[PDB]
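All remarks here apply to the structure that follows.
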Amino acid sequence: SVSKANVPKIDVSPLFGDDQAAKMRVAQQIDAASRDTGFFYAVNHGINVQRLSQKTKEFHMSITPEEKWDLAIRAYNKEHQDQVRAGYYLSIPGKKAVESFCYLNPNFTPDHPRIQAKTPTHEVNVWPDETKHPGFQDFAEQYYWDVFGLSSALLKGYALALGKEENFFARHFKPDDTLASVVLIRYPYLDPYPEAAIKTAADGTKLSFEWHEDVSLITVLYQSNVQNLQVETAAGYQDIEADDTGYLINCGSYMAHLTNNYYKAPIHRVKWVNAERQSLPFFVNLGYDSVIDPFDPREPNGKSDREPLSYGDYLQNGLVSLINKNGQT
Ligand SMILES: CC(C)[C@@H](OC(=O)[C@@H](NC(=O)CCC[C@H](N)C(=O)O)[C@@H](C)S)C(=O)O
Ligand SMILES: [Fe+2]
């Protein structure tokens with residue numbers, strides 16, 4: 001059998017308030033988790049995840065093939081050359097099980113300066129017809145802001161954990177320009193399940209998605225209650241238990257870069273499970289021009305031998321690298 005990963009539940013509610021000592025006690029827990037397996041569950045986060053799950057189910061189960069083509073990213077529909085990130089990512093029956101819908105900052109409107117400039121990684125979201133999916137767009141945009149709020153609170157905790165003032169990361173995470181995305185992923189129950197959608201790891205584990213580090217500052221993830229994730233530790237791959245009341249948090253490779261690998265981006269993978277389930281990540285991305293000077297909290301003078309990297313450069317290159325390594329989702 002596989003051992004269970006140490007993934008503590010951390011009450012993050014103090015990060016929304018003004019009790020500075022209580023915030024430090026949360027920051028310590030974040031520090032400990034970040035230095036151990038790299039994962040923790042945020043609890044007492046204030047988001048109605050049951051409703052998120054319900055609204056997402058209604059969307060995934062009602063969208064039709066016609067609509068999926070009309071919303072498809074360029075990888076599936078050559079007519080949509082402006083859709084690299086935002087839109088529908090189709091399943092391929094008999095070959096690829098997973099399907100998903102990605103959306104970006106609702107403030108990326110046609111008149112936004114970065115949209116006007118055609119800056120890479122910025123796009124205007126695409127949405128299904130309101131009459132076919134009543135309330136969906138409004139729900140989804142509001143969810144973006146609810147999880148943005150949680151994420152800003154978590155970033156205050158990571159900053160305090162690293163010995164910085166609480167706005168160290170959050171000052172770069174702004175509603176007008178964040179490159180953060182929500183992805184609503186459907187992992188289906190299929191009978192029979194196509195073997196081509198099942199990968200096998202070197203250790204023999206059947207997978208839906210291979211090992212990787214995240215392209216993010218941090219990742220803020222809701223999943224259904226079906227165990228699927230594993231994290232690589234010194235003791236090998238360990239199972240991360242599901243908790244459909246909490247958000248699973250981990251660092252991405254931009255955090256690892258900034259901290260000189262003090263807070264590593266944990267390597268993780270997704271086991272194959274033949275169950276109808278949801279994986280709904282929010283990738284906490286900064287602005288296109290955001291640069292945080294790398295440091296090293298294990299060094300007395302705090303200095304690191306890494307060169308500064310703008311977030312936009314990091315992101316554009318990382319999203320491409322993911323596709324090249326683990327395939328187009
Ligand atoms: C493991 C889960 C978290 C989830 O995987 C992802 O969400 C993957 N994410 C992506 O493929 C990047 C999507 C980027 C998005 N299209 C964007 O433009 O921002 C992993 C590499 S983290 C899952 O498979 O359950
Ligand atoms: Fe990931």
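A note on labels: chains of the structure tokens are A, B, ... as shown, every chain counts residues from 1, and ligands are counted from 1 in their shown order.
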Kindly compile the residues surrounding ligand 2 within 9 Å, counting only C-alpha atoms and all ligand atoms, and format them as a PyMOL selection string.
chain A and resi 211-215+219+250+252+266-270+281
9 Å from ligand 1 is the threshold here; counting only C-alpha atoms and all ligand atoms, which polymer residues fall inside it? Answer as a CSV table (one decimal) with C-alpha atoms, in the first residue's frame.
chain,number,residue,atom,x,y,z
A,84,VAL,CA,-4.9,30.1,-26.0
A,85,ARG,CA,-6.0,30.0,-22.3
A,86,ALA,CA,-9.7,30.8,-21.9
A,87,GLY,CA,-12.5,28.6,-23.1
A,89,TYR,CA,-10.9,22.1,-23.5
A,98,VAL,CA,-10.9,14.9,-19.0
A,101,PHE,CA,-13.5,25.2,-18.9
A,102,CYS,CA,-11.0,27.9,-18.1
A,103,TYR,CA,-11.6,31.6,-17.5
A,104,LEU,CA,-9.4,34.6,-16.5
A,121,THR,CA,-1.4,35.7,-21.7
A,179,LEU,CA,-3.2,36.8,-14.6
A,180,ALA,CA,-4.9,34.3,-12.2
A,181,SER,CA,-7.2,31.6,-13.8
A,182,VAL,CA,-10.0,29.4,-12.6
A,183,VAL,CA,-10.3,26.0,-14.3
A,184,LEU,CA,-13.4,23.9,-13.9
A,185,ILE,CA,-12.3,20.3,-14.7
A,186,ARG,CA,-14.6,17.4,-15.1
A,187,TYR,CA,-13.1,14.0,-14.6
A,208,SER,CA,-4.8,10.4,-15.3
A,209,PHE,CA,-2.0,13.1,-15.3
A,210,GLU,CA,1.8,12.7,-14.9
A,211,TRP,CA,4.2,14.2,-12.4
A,212,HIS,CA,4.7,18.0,-12.5
A,213,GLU,CA,5.3,21.2,-10.6
A,214,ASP,CA,2.7,23.8,-10.8
A,215,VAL,CA,2.9,27.0,-12.9
A,216,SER,CA,1.8,29.5,-10.2
A,219,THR,CA,-2.4,27.0,-6.3
A,220,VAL,CA,-5.8,27.1,-4.4
A,221,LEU,CA,-7.7,23.9,-5.2
A,222,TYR,CA,-11.2,22.5,-4.5
A,223,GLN,CA,-11.8,18.9,-5.3
A,228,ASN,CA,-6.6,11.1,-6.4
A,229,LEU,CA,-3.6,13.3,-5.8
A,252,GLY,CA,4.2,26.7,-7.6
A,268,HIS,CA,2.6,15.7,-7.6
A,269,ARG,CA,0.5,13.6,-10.0
A,270,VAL,CA,-3.1,12.5,-10.4
A,278,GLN,CA,-14.4,17.7,-10.0
A,279,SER,CA,-11.1,19.4,-9.8
A,280,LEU,CA,-11.5,23.2,-9.6
A,281,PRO,CA,-8.1,25.0,-9.3
A,282,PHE,CA,-7.4,28.7,-9.0
A,283,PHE,CA,-3.9,29.5,-10.1
A,285,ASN,CA,-0.7,34.4,-10.8
A,315,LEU,CA,3.8,32.3,-17.1
A,318,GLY,CA,5.5,27.7,-18.1
A,319,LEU,CA,2.1,27.1,-19.7
A,322,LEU,CA,3.4,22.0,-19.2
A,323,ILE,CA,1.7,21.1,-22.5
A,326,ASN,CA,2.3,16.2,-20.0
A,327,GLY,CA,0.1,16.9,-23.1
A,328,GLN,CA,-2.6,19.2,-24.1
A,329,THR,CA,-5.4,19.1,-21.6
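Nearest-residue note for residue 262 in chain A: choosing from A:132, A:35, A:45, A:23, the minimum distance belongs to A:35, counting only C-alpha atoms.
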Restricting the calculation to only C-alpha atoms: of A:162, A:284, A:42, A:275, which residue gets closest to residue 24 in chain A?
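Once distances to residue 24 in chain A are computed over only C-alpha atoms, the minimum belongs to A:162.
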Need the shell around residue 83 in chain A: protein/DNA/RNA residues with any atom at most 10 Å away, counting only C-alpha atoms. Skip same-chain ones fewer than 4 positions apart. Format as a PyMOL selection string?
chain A and resi 71-75+77-79+87-88+121-126
Could you write out that same residue set with C-alpha atoms as a PDB file, in the first residue's frame?
ATOM      1  CA  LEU A  71     -16.264  27.943 -26.811  1.00  0.00           C
ATOM      2  CA  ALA A  72     -13.237  25.848 -27.705  1.00  0.00           C
ATOM      3  CA  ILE A  73      -9.651  27.010 -27.329  1.00  0.00           C
ATOM      4  CA  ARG A  74      -7.422  27.081 -30.430  1.00  0.00           C
ATOM      5  CA  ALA A  75      -6.017  23.627 -29.754  1.00  0.00           C
ATOM      6  CA  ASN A  77     -10.862  24.922 -32.959  1.00  0.00           C
ATOM      7  CA  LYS A  78      -8.631  26.673 -35.460  1.00  0.00           C
ATOM      8  CA  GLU A  79     -11.161  29.491 -35.867  1.00  0.00           C
ATOM      9  CA  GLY A  87     -12.485  28.623 -23.126  1.00  0.00           C
ATOM     10  CA  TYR A  88     -13.435  24.963 -23.404  1.00  0.00           C
ATOM     11  CA  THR A 121      -1.436  35.657 -21.688  1.00  0.00           C
ATOM     12  CA  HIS A 122      -4.248  38.219 -21.574  1.00  0.00           C
ATOM     13  CA  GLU A 123      -7.568  37.319 -23.180  1.00  0.00           C
ATOM     14  CA  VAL A 124     -11.235  38.241 -22.902  1.00  0.00           C
ATOM     15  CA  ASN A 125     -13.258  35.414 -21.414  1.00  0.00           C
ATOM     16  CA  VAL A 126     -15.762  33.519 -23.486  1.00  0.00           C
TER      17      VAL A 126
END
Give the strand (DSSP E) residues of range 134-248 of chain A, as DSSP finds them on the backbone, and put them as a PyMOL selection string.
chain A and resi 181-187+199-200+206-212+218-223+229-233+236-239+247-248
Tell me which protein, DNA and RNA residues are within 12 Å of residue 134 in chain A, counting only C-alpha atoms, leaving out same-chain ones fewer than 3 positions away, and put them as number ranges by chain.
A: 55, 58-59, 62-63, 127-131, 137-140
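Excluding residue 164 in chain A and any residue on its chain fewer than 2 positions from it, the residues at most 12 Å away by only C-alpha atoms are residues 24, 27, 155, 156, 157, 158, 159, 160, 161, 162, 166, 167, 168, 169, 170, 259, 295, 296, 297 and 302 of chain A.
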Non-local contacts of residue 237 in chain A (9 Å; only C-alpha atoms; under 3 positions in same chain excluded) as a PyMOL selection string:
chain A and resi 2-3+5+230-234+268-269
Report as number ranges by chain all protein, DNA and RNA residues lying within 8 Å of residue 95 in chain A, evaluated on only C-alpha atoms, omitting residues in the same chain fewer than 3 positions from it.
A: 91-92, 194-197
